[PDB]
Amino acid sequence: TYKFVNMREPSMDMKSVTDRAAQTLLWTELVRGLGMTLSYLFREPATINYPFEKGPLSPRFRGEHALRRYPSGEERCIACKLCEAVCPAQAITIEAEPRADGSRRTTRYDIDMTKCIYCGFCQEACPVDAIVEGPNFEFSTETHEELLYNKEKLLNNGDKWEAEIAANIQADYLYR
Amino acid sequence: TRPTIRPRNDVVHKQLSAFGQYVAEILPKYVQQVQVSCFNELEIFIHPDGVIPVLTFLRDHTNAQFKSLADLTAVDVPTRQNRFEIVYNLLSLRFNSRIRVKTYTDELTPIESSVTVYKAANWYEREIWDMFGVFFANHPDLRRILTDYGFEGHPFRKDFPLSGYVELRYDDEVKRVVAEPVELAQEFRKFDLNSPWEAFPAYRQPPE
Amino acid sequence: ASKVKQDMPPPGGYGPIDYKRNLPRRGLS
Amino acid sequence: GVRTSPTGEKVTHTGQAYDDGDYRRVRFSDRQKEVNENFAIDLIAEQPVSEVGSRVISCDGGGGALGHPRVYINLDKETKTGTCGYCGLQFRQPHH
Amino acid sequence: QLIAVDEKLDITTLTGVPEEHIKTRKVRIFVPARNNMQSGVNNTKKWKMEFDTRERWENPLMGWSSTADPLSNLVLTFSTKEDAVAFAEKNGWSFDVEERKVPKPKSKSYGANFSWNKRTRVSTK
Amino acid sequence: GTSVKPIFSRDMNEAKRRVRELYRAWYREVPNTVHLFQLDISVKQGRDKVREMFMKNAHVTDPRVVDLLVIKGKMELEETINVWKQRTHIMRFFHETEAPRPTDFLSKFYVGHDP
Amino acid sequence: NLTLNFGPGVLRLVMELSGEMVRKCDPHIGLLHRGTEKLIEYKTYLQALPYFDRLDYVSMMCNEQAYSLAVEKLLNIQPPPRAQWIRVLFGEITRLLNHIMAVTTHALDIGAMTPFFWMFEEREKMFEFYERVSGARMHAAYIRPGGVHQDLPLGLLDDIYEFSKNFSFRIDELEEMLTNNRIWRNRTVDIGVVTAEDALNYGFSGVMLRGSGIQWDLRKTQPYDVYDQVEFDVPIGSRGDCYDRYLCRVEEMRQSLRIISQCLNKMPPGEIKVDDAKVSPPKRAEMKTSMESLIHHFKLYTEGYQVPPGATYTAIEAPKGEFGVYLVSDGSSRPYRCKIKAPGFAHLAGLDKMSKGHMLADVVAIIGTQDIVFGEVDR
Amino acid sequence: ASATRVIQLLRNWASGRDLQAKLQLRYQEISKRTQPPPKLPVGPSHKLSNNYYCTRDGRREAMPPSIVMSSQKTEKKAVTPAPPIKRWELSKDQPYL
Amino acid sequence: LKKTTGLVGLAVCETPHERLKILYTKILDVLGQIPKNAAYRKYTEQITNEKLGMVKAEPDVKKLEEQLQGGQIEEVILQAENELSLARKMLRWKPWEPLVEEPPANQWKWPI
Amino acid sequence: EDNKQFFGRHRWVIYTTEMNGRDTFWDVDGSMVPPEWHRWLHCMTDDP
Ligand code: SF4
Ligand code: SF4
Ligand SMILES: [Zn+2]
């Protein structure tokens with residue numbers, strides 16, 4: 001099924017021609033557009049008062065990365081390198097070795113935030129919910145160097161944001 | 001074939017096989033092979049000399065009328081004596097059908113330009129020349145279209161490295177943008193992902 | 001015990017959704 | 001359990017610290033060195049050993065689907081305790 | 001309509017490769033050896049062309065691995081050794097070719113596990 | 001044997017004639033390029049660079065390669081004449097920022113592992 | 001007969017003009033050439049999916065859908081019904097987003113600039129829909145070659161219904177500002193007229209065909225997913241100029257509202273990715289309880305699934321025209337070749353013939369009516 | 001919307017329609033930001049028996065393309081690639097705009 | 001008679017039966033010069049004779065449009081002219097002759 | 001909070017005049033919100 005968008009022929013009756021002439025000479029449709037703009041002037045604007053008001057977000061939102069840990073304080077990451085393998089931008093660099101207690105842990109976990117595309121593939125590849133994408137998005141920087149995160153920065157981000165991260169994961173994990 | 005398997009269409013398969021045999025019968029001077037894939041796509045493998053005739057036929061014959069050129073591109077296969085294969089995708093609106101025409105060339109053999117058959121080919125051919133180094137004869141204006149001015153090489157070739165050979169920066173001594181040999185602070189990490197234990201027995205090659 | 005629960009349309013569907021062009025004629029010859 | 005270098009820098013949980021002759025220390029002048037204060041090895045060392053009356057125990061890290069993959073740990077050796085390969089929690093049979 | 005020229009193919013001047021990445025490199029043409037950690041042989045079927053390893057150093061910031069040679073990740077696949085030799089020759093690269101290693105056929109007999117008088121008799125199974 | 005399809009030239013002489021035509025065109029254009037881009041080089045060294053770039057390919061004995069090179073050089077000349085290039089593209093032929101590389105065995109020994 | 005170089009989304013235009021008329025107009029492109037097709041050969045199929053978000057970055061999920069359909073055809077599998085309905089619903093939402101952007105940017109370049117704000121409020125609401133379903137506002141990566149990544153949250157359909165039932169009035173305000181305005185008509189009528197045969201031979205598609213009267217639409221002639229289960233009309237032009245194409249785009253916005261209503265009412269229950277763990281990853285609980293699920297998760301996220309060897313050309317009716325992919329698989333987990341066909345490529349190639357014998361101020365209108373985004377043109 | 005009666009009448013008359021009926025700002029009619037947990041059913045391959053993977057393996061059912069007319073190895077009516085497309089119908093909902 | 005075929009640039013043809021007859025007779029005349037054994041000649045002759053009989057057995061234009069399966073007799077005339085041009089060019093090309101040459105041994109072998 | 005305001009303007013924060021070490025009478029920014037109130041303020045949840 002199809003429709004014609006512009007296939008109407010104007011009436012030739014004196015009345016139709018006079019109406020078209022009145023439109024041409026008196027600018028009726030221009031006045032109609034002016035009235036539309038006038039009506040729009042008198043309705044409440046859609047502006048919010050940033051930063052005192054914020055934009056609504058979802059528990060699924062992808063923001064700044066963080067490394068998490070178990071309630072005992074032991075870190076969840078066991079250096080499987082699945083996030084490094086899946087990263088489309090090759091933004092994760094991992095080095096691991098046995099710990100002093102024989103535990104399988106990382107000695108290097110770097111994320112280059114200027115290569116990252118914030119796709120969230122790493123957190124869905126993780127088998128132990130170690131690397132996550134947090135809710136924070138206000139982390140602009142004055143230099144390029146501070147956007148190259150090492151393991152200490154990501155652990156500090158986890159310790160900073162764990163409350164919100166845990167609440168969001170509780171809200172959304174039944175869809176995963 | 002339960003709900004996870006793609007359903008198959010035998011009527012379209014038969015129709016495309018019949019049209020392939022029809023085309024091969026009509027143009028035996030240029031057609032070397034005809035194929036219909038399991039997802040009902042018909043491709044015709046031709047000799048390079050028949051690019052202009054075959055295409056013209058498929059555009060102008062009353063039983064084909066493939067009036068639309070959907071895409072024209074090239075594929076680089078270094079292991080073949082003729083390195084590059086040229087792929088034409090054609091759409092027929094009268095018969096609601098699609099067809100594919102393949103031919104081949106190497107780094108030094110020109111291919112006839114098809115701008116006289118399809119006006120759309122022009123830029124496509126430029127792109128091919130830009131990315132693979134295939135020259136098209138009788139092209140109205142063949143030149144680079146995607147790469148930077150004065151760029152050396154053809155980046156879509158398999159032996160071309162991913163990051164190229166030069167990188168750009170701003171120099172304050174000469175007060176301009178300059179090109180230098182590429183140096184990466186982090187080398188791209190090459191992954192060996194292919195597993196042993198072949199996946200598909202239906203595509204096994206003879207052990208020669 | 002628990003039954004399947006996912007995002008679904010309400011029973012009876014949704015109300016009609018207007019899409020046709022509506023540019024009224026104000027009216028004066 | 002953070003330590004300090006003989007120079008004055010903090011030592012990370014990976015044991016990193018620039019030596020005295022390293023020029024790279026200059027990156028921290030007028031700035032700071034980011035170090036996480038909570039060492040995971042010390043924190044997991046403080047957990048009590050759980051006592052179970054079975055030869056085989058299962059661990060998933062707590063929280064069900066929010067933990068780690070479920071693994072089974074053998075507790076036949078009385079010399080040592082069974083340790084989870086993901087969580088670090090320890091289990092033992094009630095000796096004596 | 002045909003030149004009928006008789007000369008070896010050389011497309012070196014057309015590929016845009018810098019001069020010192022042509023006559024200085026050494027390519028290796030070989031069938032890759034089977035990974036000894038596994039038994040599958042599907043990765044020992046095709047011929048590979050790979051370039052010589054160059055210097056890798058440590059990035060002073062972040063300690064990453066840095067390289068300066070653009071061909072460090074370039075690996076080409078070929079059906080036969082002759083195809084790889086032809087490609088390397090027309091591209092002006094000096095090459096070393098290694099012949100394909102094939103597991104020799106072995107005589108296997110389960111009955112030899114339980115031998116009357118030979119040393120092949122097993123002590124456990 | 002080994003019959004091949006021509007690009008433009010049936011033999012070496014036609015290819016040489018096309019090469020000479022392209023060289024004449026570049027030689028004529030060089031002063032206009034120097035003036036119009038406001039370059040800091042002289043016409044003499046511009047023409048020397050043109051000659052050097054021509055001599056870089058002087059070892060080719062295949063007419064198809066030769067006239068493909070001529071097609072590429074004509075493309076480059078068309079880019080230069082129409083001022084599609086900028087001053088940076090023109091100046092890239094001279095590598096004025098790249099540090100000199102010693103060809104001596106001892107110097108390459110001293111700097112690193114690269115032969 | 002002078003020459004002008006209108007250089008720096010970003011486009012360089014070299015034109016010869018004699019007086020006010022345009023004698024020749026050659027676009028120079030490549031200012032956004034990123035080498036996407038070469039980069040894709042170094043990725044698994046899942047790793048390559050997010051590049052299609054960035055190809056035509058006004059219609060993300062449509063490119064996602066085209067790539068997913070190509071990979072599905074090569075894999076010989078099919079998505080579950082609910083995934084198909086979700087795909088078509090979000091494809092129509094994406095068509096609404098793209099058409100808003102195209103029309104309001106056209107008007108802003110002409111000089112109107114008020115409907116841009118009026119409709120970008122609605123665009124922000126649909127960005128909210130994107131974020132609630134995927135966590136990202138534009139580069140979503142939601143539609144996968146096995147279906148969709150996640151099911152919808154429990155209250156999303158209600159909010160989509162609430163939004164879609166007020167959008168027709170916003171379209172009506174747009175038309176009140178533009179449709180019958182004599183200045184807009186004088187800027188658009190009889191500008192960039194292209195005939196049907198020339199449009200066919202030049203490789204045009206979508207509106208650039210339908211404005212000239214060609215009755216063609218890929219969702220009607222070669223339906224994919226559940227499209228053959230929804231009814232809608234195809235707007236068709238009569239004069240093949242910018243004004244008819246603008247009218248067609250507004251009508252397609254209305255028809256997208258119609259299709260969205262149907263999709264909302266017939267959303268079925270069930271799973272959202274294919275129940276084949278060698279292609280689609282298992283659930284997290286299954287991954288954390290079952291041995292096969294853990295193995296398949298590990299292998300799918302490290303190596304990726306292998307695709308049987310073969311080549312396909314898969315095309316969809318994207319909001320800007322026929323968007324296609326020629327995908328060549330050699331049997332491994334990485335594509336051997338991926339050629340992206342973008343309609344804006346052919347449209348910009350035809351810009352030269354479309355602007356013959358027009359004013360300099362008409363080239364802007366022709367560019368706006370061609371609906372050009374250079375991410376897909378340059379790739 | 002907290003607009004006075006006079007302002008509502010003025011904006012309605014200038015716009016030419018009733019604006020309070022269809023407001024572009026959202027209010028309590030949107031869904032709550034906290035929702036009950038979902039249950040999320042399983043797919044058709046979740047059976048405990050009669051569920052062998054070889055009977056539901058899509059990738060292994062793909063085959064190399066069928067070769068017709070290899071050049072290396074009757075009335076005869078003419079054919080077309082597919083039957084001719086049928087004419088579209090003219091929208092017995094709104095044929096003209 | 002109708003106006004505005006609906007495609008931009010496609011004019012309405014008055015008296016299309018005579019135009020169709022002339023075009024089909026020209027196509028048959030050109031096909032006559034092609035060798036009898038050529039598949040193109042016999043196939044196109046079959047198609048053209050079918051259409052010529054169809055237009056000679058129907059005076060009405062709408063019923064002819066329905067019966068010819070092309071619709072919009074103007075584009076049928078356009079297709080007839082395209083077929084005539086192809087017939088002349090194909091007489092020039094002579095593609096009924098055997099294959100020019102075979103491809104190399106593994107030119108079309110995929111994968112690798 | 002004010003639920004009679006439209007969505008997006010129904011919740012807001014008045015920042016403190018002095019955070020950890022700096023005067024924030026004039027210099028405020030969105031990163032001064034702690035994560036729990038950050039969750040409430042961005043409407044990721046309905047519960048403060
Ligand atoms: S979000 Fe995506 S790009 Fe960023 S680190 Fe994770 S996987 Fe890599
Ligand atoms: S963050 Fe997760 S996926 Fe990445 S290495 Fe650690 S455990 Fe593996
Ligand atoms: Zn544990």
# chains A, B, ... in the order shown; residues from 1 in each chain; ligands from 1
call {"tool": "closest_atom_pairs", "arguments": {"of": "chain D", "to": "ligand 2", "cutoff": "12 Å", "atoms": "only C-alpha atoms and all ligand atoms", "output": "CSV"}}
result
residue,atom,partner,partner_atom_place_in_ligand_line,distance
D:67,CA,ligand 2,7 (S),11.8
D:68,CA,ligand 2,7 (S),9.7
D:69,CA,ligand 2,7 (S),11.4
D:86,CA,ligand 2,7 (S),9.3
D:87,CA,ligand 2,7 (S),11.4
call {"tool": "residues_near_ligand", "arguments": {"ligand": "ligand 3", "cutoff": "10 Å", "atoms": "only C-alpha atoms and all ligand atoms", "output": "short mmCIF file (atom, residue, chain, number, x, y, z; two decimals) with N, CA and C atoms, in the first residue's frame"}}
result
data_model
loop_
_atom_site.label_atom_id
_atom_site.label_comp_id
_atom_site.auth_asym_id
_atom_site.auth_seq_id
_atom_site.Cartn_x
_atom_site.Cartn_y
_atom_site.Cartn_z
N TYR A 70 34.90 -8.81 47.33
CA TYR A 70 33.94 -9.55 48.13
C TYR A 70 33.67 -8.82 49.44
N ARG A 76 37.62 -9.43 43.86
CA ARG A 76 36.96 -10.44 43.05
C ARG A 76 37.80 -10.89 41.86
N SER D 58 30.88 -26.91 49.45
CA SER D 58 30.70 -26.11 48.24
C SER D 58 30.76 -24.63 48.59
N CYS D 59 31.38 -23.85 47.70
CA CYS D 59 31.49 -22.41 47.87
C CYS D 59 31.13 -21.71 46.57
N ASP D 60 30.32 -20.66 46.68
CA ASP D 60 30.00 -19.80 45.55
C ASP D 60 30.26 -18.33 45.85
N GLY D 61 30.90 -18.02 46.98
CA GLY D 61 31.27 -16.66 47.32
C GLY D 61 30.19 -15.85 48.00
N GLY D 62 29.02 -16.42 48.26
CA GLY D 62 27.94 -15.68 48.88
C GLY D 62 27.14 -14.86 47.90
N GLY D 67 27.79 -14.07 43.31
CA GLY D 67 29.11 -14.52 43.72
C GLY D 67 29.95 -14.96 42.55
N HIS D 68 30.65 -16.07 42.72
CA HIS D 68 31.49 -16.67 41.70
C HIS D 68 30.95 -18.04 41.31
N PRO D 69 31.52 -18.67 40.28
CA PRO D 69 31.09 -20.04 39.95
C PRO D 69 31.24 -20.98 41.13
N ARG D 70 30.27 -21.88 41.27
CA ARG D 70 30.22 -22.78 42.41
C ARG D 70 31.28 -23.87 42.29
N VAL D 71 32.09 -24.03 43.33
CA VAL D 71 33.17 -25.01 43.31
C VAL D 71 33.08 -25.88 44.56
N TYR D 72 33.64 -27.08 44.44
CA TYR D 72 33.62 -28.07 45.51
C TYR D 72 35.03 -28.30 46.02
N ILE D 73 35.17 -28.33 47.34
CA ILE D 73 36.45 -28.36 48.03
C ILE D 73 36.51 -29.60 48.91
N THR D 83 40.91 -24.19 50.71
CA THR D 83 40.77 -22.79 50.34
C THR D 83 40.06 -22.69 49.00
N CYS D 84 39.06 -21.81 48.92
CA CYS D 84 38.38 -21.55 47.67
C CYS D 84 39.31 -20.87 46.68
N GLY D 85 39.28 -21.33 45.43
CA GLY D 85 40.14 -20.77 44.40
C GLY D 85 39.69 -19.43 43.86
N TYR D 86 38.45 -19.03 44.14
CA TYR D 86 37.96 -17.71 43.75
C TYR D 86 37.95 -16.74 44.92
N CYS D 87 37.36 -17.15 46.05
CA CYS D 87 37.04 -16.24 47.14
C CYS D 87 38.18 -16.11 48.15
N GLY D 88 38.93 -17.17 48.39
CA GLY D 88 39.93 -17.17 49.44
C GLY D 88 39.44 -17.63 50.79
N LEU D 89 38.15 -17.93 50.94
CA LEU D 89 37.63 -18.44 52.20
C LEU D 89 38.18 -19.83 52.48
N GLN D 90 38.27 -20.17 53.77
CA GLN D 90 38.90 -21.41 54.21
C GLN D 90 37.90 -22.29 54.94
#
call {"tool": "residues_near_ligand", "arguments": {"ligand": "ligand 1", "cutoff": "9 Å", "atoms": "only C-alpha atoms and all ligand atoms", "output": "PDB file with N, CA and C atoms, in the first residue's frame"}}
result
ATOM      1  N   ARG A  62      26.276   3.015  31.685  1.00  0.00           N
ATOM      2  CA  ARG A  62      27.705   2.726  31.630  1.00  0.00           C
ATOM      3  C   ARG A  62      28.488   4.012  31.870  1.00  0.00           C
ATOM      4  N   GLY A  63      29.253   4.046  32.955  1.00  0.00           N
ATOM      5  CA  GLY A  63      30.050   5.211  33.283  1.00  0.00           C
ATOM      6  C   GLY A  63      31.511   4.899  33.526  1.00  0.00           C
ATOM      7  N   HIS A  65      34.727   3.121  35.057  1.00  0.00           N
ATOM      8  CA  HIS A  65      35.008   1.742  35.427  1.00  0.00           C
ATOM      9  C   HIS A  65      35.423   1.636  36.891  1.00  0.00           C
ATOM     10  N   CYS A  83      38.167 -10.190  30.078  1.00  0.00           N
ATOM     11  CA  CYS A  83      37.871  -8.805  29.722  1.00  0.00           C
ATOM     12  C   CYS A  83      38.914  -8.248  28.763  1.00  0.00           C
ATOM     13  N   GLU A  84      40.185  -8.576  28.990  1.00  0.00           N
ATOM     14  CA  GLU A  84      41.243  -8.167  28.078  1.00  0.00           C
ATOM     15  C   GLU A  84      41.071  -8.803  26.704  1.00  0.00           C
ATOM     16  N   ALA A  85      40.640 -10.065  26.658  1.00  0.00           N
ATOM     17  CA  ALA A  85      40.436 -10.734  25.378  1.00  0.00           C
ATOM     18  C   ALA A  85      39.256 -10.142  24.617  1.00  0.00           C
ATOM     19  N   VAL A  86      38.191  -9.758  25.322  1.00  0.00           N
ATOM     20  CA  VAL A  86      36.977  -9.321  24.640  1.00  0.00           C
ATOM     21  C   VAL A  86      36.977  -7.839  24.269  1.00  0.00           C
ATOM     22  N   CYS A  87      37.824  -7.022  24.898  1.00  0.00           N
ATOM     23  CA  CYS A  87      37.822  -5.576  24.703  1.00  0.00           C
ATOM     24  C   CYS A  87      37.983  -5.197  23.234  1.00  0.00           C
ATOM     25  N   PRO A  88      36.961  -4.601  22.617  1.00  0.00           N
ATOM     26  CA  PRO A  88      37.065  -4.259  21.188  1.00  0.00           C
ATOM     27  C   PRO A  88      38.125  -3.215  20.888  1.00  0.00           C
ATOM     28  N   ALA A  89      38.475  -2.369  21.851  1.00  0.00           N
ATOM     29  CA  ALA A  89      39.443  -1.306  21.638  1.00  0.00           C
ATOM     30  C   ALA A  89      40.846  -1.653  22.116  1.00  0.00           C
ATOM     31  N   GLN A  90      41.058  -2.861  22.647  1.00  0.00           N
ATOM     32  CA  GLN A  90      42.329  -3.254  23.262  1.00  0.00           C
ATOM     33  C   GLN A  90      42.764  -2.247  24.323  1.00  0.00           C
ATOM     34  N   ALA A  91      41.828  -1.861  25.187  1.00  0.00           N
ATOM     35  CA  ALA A  91      42.075  -0.840  26.192  1.00  0.00           C
ATOM     36  C   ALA A  91      42.513  -1.403  27.540  1.00  0.00           C
ATOM     37  N   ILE A  92      42.489  -2.720  27.721  1.00  0.00           N
ATOM     38  CA  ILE A  92      42.835  -3.353  28.990  1.00  0.00           C
ATOM     39  C   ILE A  92      44.185  -4.044  28.856  1.00  0.00           C
ATOM     40  N   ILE A 111      43.515   0.337  32.386  1.00  0.00           N
ATOM     41  CA  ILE A 111      42.516   0.679  31.380  1.00  0.00           C
ATOM     42  C   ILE A 111      42.846   2.063  30.842  1.00  0.00           C
ATOM     43  N   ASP A 112      43.100   2.147  29.539  1.00  0.00           N
ATOM     44  CA  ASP A 112      43.284   3.427  28.864  1.00  0.00           C
ATOM     45  C   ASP A 112      41.908   3.985  28.516  1.00  0.00           C
ATOM     46  N   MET A 113      41.472   5.002  29.257  1.00  0.00           N
ATOM     47  CA  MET A 113      40.142   5.566  29.073  1.00  0.00           C
ATOM     48  C   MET A 113      40.003   6.385  27.796  1.00  0.00           C
ATOM     49  N   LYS A 115      41.175   5.172  24.931  1.00  0.00           N
ATOM     50  CA  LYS A 115      40.907   4.151  23.932  1.00  0.00           C
ATOM     51  C   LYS A 115      39.566   3.472  24.142  1.00  0.00           C
ATOM     52  N   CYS A 116      39.082   3.435  25.381  1.00  0.00           N
ATOM     53  CA  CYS A 116      37.841   2.753  25.716  1.00  0.00           C
ATOM     54  C   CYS A 116      36.652   3.359  24.979  1.00  0.00           C
ATOM     55  N   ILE A 117      35.744   2.495  24.518  1.00  0.00           N
ATOM     56  CA  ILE A 117      34.511   2.939  23.879  1.00  0.00           C
ATOM     57  C   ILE A 117      33.303   2.817  24.791  1.00  0.00           C
ATOM     58  N   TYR A 118      33.492   2.361  26.031  1.00  0.00           N
ATOM     59  CA  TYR A 118      32.427   2.304  27.036  1.00  0.00           C
ATOM     60  C   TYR A 118      31.258   1.445  26.562  1.00  0.00           C
ATOM     61  N   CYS A 119      31.585   0.314  25.936  1.00  0.00           N
ATOM     62  CA  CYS A 119      30.597  -0.635  25.445  1.00  0.00           C
ATOM     63  C   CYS A 119      30.089  -1.574  26.530  1.00  0.00           C
ATOM     64  N   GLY A 120      30.842  -1.753  27.610  1.00  0.00           N
ATOM     65  CA  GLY A 120      30.454  -2.649  28.674  1.00  0.00           C
ATOM     66  C   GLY A 120      30.656  -4.118  28.395  1.00  0.00           C
ATOM     67  N   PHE A 121      31.436  -4.473  27.371  1.00  0.00           N
ATOM     68  CA  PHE A 121      31.672  -5.883  27.074  1.00  0.00           C
ATOM     69  C   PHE A 121      32.493  -6.554  28.167  1.00  0.00           C
ATOM     70  N   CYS A 122      33.374  -5.795  28.823  1.00  0.00           N
ATOM     71  CA  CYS A 122      34.230  -6.353  29.865  1.00  0.00           C
ATOM     72  C   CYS A 122      33.421  -6.829  31.065  1.00  0.00           C
ATOM     73  N   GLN A 123      32.437  -6.042  31.500  1.00  0.00           N
ATOM     74  CA  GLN A 123      31.654  -6.431  32.665  1.00  0.00           C
ATOM     75  C   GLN A 123      30.732  -7.607  32.375  1.00  0.00           C
ATOM     76  N   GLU A 124      30.301  -7.783  31.129  1.00  0.00           N
ATOM     77  CA  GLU A 124      29.494  -8.942  30.783  1.00  0.00           C
ATOM     78  C   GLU A 124      30.339 -10.168  30.476  1.00  0.00           C
ATOM     79  N   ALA A 125      31.622  -9.984  30.167  1.00  0.00           N
ATOM     80  CA  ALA A 125      32.538 -11.107  30.045  1.00  0.00           C
ATOM     81  C   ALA A 125      33.059 -11.593  31.392  1.00  0.00           C
ATOM     82  N   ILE A 131      35.255  -6.460  37.245  1.00  0.00           N
ATOM     83  CA  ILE A 131      35.264  -5.180  36.549  1.00  0.00           C
ATOM     84  C   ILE A 131      33.828  -4.800  36.218  1.00  0.00           C
ATOM     85  N   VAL A 132      33.436  -3.581  36.579  1.00  0.00           N
ATOM     86  CA  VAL A 132      32.108  -3.075  36.263  1.00  0.00           C
ATOM     87  C   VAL A 132      32.240  -1.671  35.694  1.00  0.00           C
ATOM     88  N   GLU A 133      31.181  -1.234  35.027  1.00  0.00           N
ATOM     89  CA  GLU A 133      31.043   0.144  34.575  1.00  0.00           C
ATOM     90  C   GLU A 133      30.089   0.825  35.549  1.00  0.00           C
TER      91      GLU A 133
END
call {"tool": "residues_around", "arguments": {"residues": "range 97-113 of chain F", "least_positions_apart": "3", "cutoff": "12 Å", "atoms": "only C-alpha atoms", "output": "ChimeraX atom specification"}}
result
/B:166,168-182 /E:20,53-57 /F:88,91-94
call {"tool": "residues_around", "arguments": {"residues": "residue 58 in chain F", "least_positions_apart": "6", "cutoff": "12 Å", "atoms": "only C-alpha atoms", "output": "JSON, numbers by chain"}}
result
{"E": [13], "F": [16, 19, 51, 52, 65, 66, 69]}
call {"tool": "write_last_selection", "arguments": {"atoms": "N, CA and C atoms", "output": "mmCIF file, in the first residue's frame"}}
result
data_model
loop_
_atom_site.group_PDB
_atom_site.id
_atom_site.type_symbol
_atom_site.label_atom_id
_atom_site.label_comp_id
_atom_site.auth_asym_id
_atom_site.auth_seq_id
_atom_site.Cartn_x
_atom_site.Cartn_y
_atom_site.Cartn_z
ATOM 1 N N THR E 13 58.073 -0.997 -6.533
ATOM 2 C CA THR E 13 57.919 0.451 -6.602
ATOM 3 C C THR E 13 56.470 0.908 -6.504
ATOM 4 N N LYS F 16 58.889 5.244 -22.138
ATOM 5 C CA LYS F 16 59.886 6.295 -21.946
ATOM 6 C C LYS F 16 59.370 7.643 -22.433
ATOM 7 N N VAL F 19 57.089 8.956 -19.832
ATOM 8 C CA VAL F 19 57.895 9.420 -18.704
ATOM 9 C C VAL F 19 58.460 10.806 -18.986
ATOM 10 N N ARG F 51 63.736 15.590 -9.841
ATOM 11 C CA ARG F 51 64.675 14.692 -10.503
ATOM 12 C C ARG F 51 65.001 13.489 -9.630
ATOM 13 N N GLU F 52 65.188 13.707 -8.328
ATOM 14 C CA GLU F 52 65.479 12.602 -7.419
ATOM 15 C C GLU F 52 64.321 11.613 -7.355
ATOM 16 N N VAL F 65 54.586 -1.565 -15.247
ATOM 17 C CA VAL F 65 54.971 -0.869 -14.024
ATOM 18 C C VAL F 65 55.302 0.585 -14.324
ATOM 19 N N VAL F 66 55.981 0.834 -15.446
ATOM 20 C CA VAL F 66 56.405 2.193 -15.774
ATOM 21 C C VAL F 66 55.200 3.097 -15.992
ATOM 22 N N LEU F 69 53.386 3.822 -12.816
ATOM 23 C CA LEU F 69 54.110 4.889 -12.130
ATOM 24 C C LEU F 69 53.801 6.247 -12.746
#
call {"tool": "interface_residues", "arguments": {"of": "chain I", "to": "chain G", "cutoff": "10 Å", "atoms": "only C-alpha atoms", "output": "VMD selection string"}}
result
chain I and resid 4 to 10 110 to 112
call {"tool": "decode", "arguments": {"residues": "range 95-101 of chain E", "atoms": "N, CA and C atoms", "output": "JSON list (two decimals), in the first residue's frame"}}
result
[["chain", "number", "residue", "atom", "x", "y", "z"],
["E", 95, "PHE", "N", 63.61, -14.33, 1.73],
["E", 95, "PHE", "CA", 62.83, -15.30, 2.49],
["E", 95, "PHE", "C", 63.67, -16.51, 2.86],
["E", 96, "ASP", "N", 63.25, -17.17, 3.94],
["E", 96, "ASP", "CA", 63.72, -18.50, 4.31],
["E", 96, "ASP", "C", 62.53, -19.43, 4.34],
["E", 97, "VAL", "N", 62.63, -20.55, 3.63],
["E", 97, "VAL", "CA", 61.55, -21.53, 3.53],
["E", 97, "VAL", "C", 61.94, -22.77, 4.31],
["E", 98, "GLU", "N", 61.04, -23.24, 5.16],
["E", 98, "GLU", "CA", 61.21, -24.49, 5.90],
["E", 98, "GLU", "C", 60.21, -25.51, 5.39],
["E", 99, "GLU", "N", 60.67, -26.73, 5.16],
["E", 99, "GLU", "CA", 59.81, -27.78, 4.66],
["E", 99, "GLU", "C", 58.81, -28.21, 5.72],
["E", 100, "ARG", "N", 57.66, -28.69, 5.26],
["E", 100, "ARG", "CA", 56.59, -29.09, 6.16],
["E", 100, "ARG", "C", 56.97, -30.36, 6.92],
["E", 101, "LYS", "N", 56.74, -30.35, 8.23],
["E", 101, "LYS", "CA", 56.97, -31.52, 9.07],
["E", 101, "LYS", "C", 55.67, -32.30, 9.20]]
